[PDB]
Amino acid sequence: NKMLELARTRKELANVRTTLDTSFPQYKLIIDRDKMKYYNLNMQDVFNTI
Amino acid sequence: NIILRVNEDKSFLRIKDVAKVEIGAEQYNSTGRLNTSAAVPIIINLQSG
Amino acid sequence: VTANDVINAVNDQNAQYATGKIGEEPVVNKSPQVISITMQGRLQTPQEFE
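### So, the interface of chain A and chain B
Between chain A and chain B, the contact holds four residues from the first and five residues from the second. Note on chain A versus chain B: buried area summed over both sides is about 440 Å², and carbon and sulfur give 68% of it. Among the residues of chain A in contact with chain B, A:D34, A:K37 and A:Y38 are the three that bury the most area, contributing 91% of the side total. Run the count over chain A and chain B and you get one salt bridge. For the salt bridge of A:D34 with B:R14, the shortest nitrogen-to-oxygen distance reads 3.3 Å. By residue class, the composition of the side of chain A that touches chain B is one nonpolar, no polar and three charged.

As structure tokens, this is what we get:
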């Protein structure tokens, strides 16, 4: 974004754009490994269920 | 912190208890020198033709 | 005994190879020499499969 602003404001270039979009919503899965193994659960089984 | 076992006392047996973990190398034997000074040799092969 | 018990026994007791090296860096330092350990599970004669 900083580079694109610099290219926009000067240096004889008309269009400057980036296809990098980081605004996509995501769900970050936080695994509590202590709690996961406290019950006798394998990680692969959990993610197969998911 | 990989959990090998749970001790039934609500305590976890982890790899740190039975092993020593570090970032090492796949192989330690081979070496290289450049005028009595350690170096990484890069053998470059010329393509046919 | 079922045929599955024979399939499992043959598949298990007729096994491939596994090797290591004893007296190798870094666990052993300044060793006089390097020795390789080889273990084979293969069966070759009909008496060995009986």
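### Looking at the packing of aromatic side chains
All names here are of chain A. Applying the stated criterion to the full structure yields one aromatic pair over all chains. Considering the side-chain rings of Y38 and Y39, the 5.4 Å spacing of their centres and the 45 degrees angle between planes classify their relative orientation as tilted. We classify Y38 as partly exposed; its relative accessible area is 37%.

Quick notes on the rules
The numbering shown runs from 1 along each chain in the order of its written sequence and may not match that of the entry; residues for which no coordinates exist are omitted. Here every chain gets a letter starting at A, and every ligand a number starting at 1, in the order they are written. Only a portion of a larger assembly is shown here, and every reported value applies to that portion alone. Side-chain numbers here rest on the full set of heavy atoms in the structure, without hydrogens or water. Residues with missing side-chain atoms are left out of burial classes, side-chain pairs and their counts. Working rule for contacts: check all heavy atoms of both residues, and any pair within 4.5 Å makes them a contact. For any pair of parts, buried area is found by adding up, for both, the accessible area (1.4 Å probe) each one loses once the two are put together. In what follows, salt bridge is the name for a side-chain nitrogen of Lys or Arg lying within 4 Å of a carboxyl oxygen of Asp or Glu. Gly is put with the polar residues, along with every residue not named as nonpolar or charged; the nonpolar set is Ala, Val, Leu, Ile, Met, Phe, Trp, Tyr, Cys and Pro, and the charged set is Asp, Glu, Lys and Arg. Classification of ring pairs uses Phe, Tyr and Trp, with its six-membered ring standing for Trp, and accepts pairs whose centres are within 6.5 Å; under 30 degrees between planes counts as stacked, over 60 as edge-to-face, and the remaining range as tilted. Per-residue accessibility, obtained with a 1.4 Å probe over protein chains only, is compared with the maximum for each type, and a residue is labelled buried under 20%, exposed over 50%, and partly exposed between these values.

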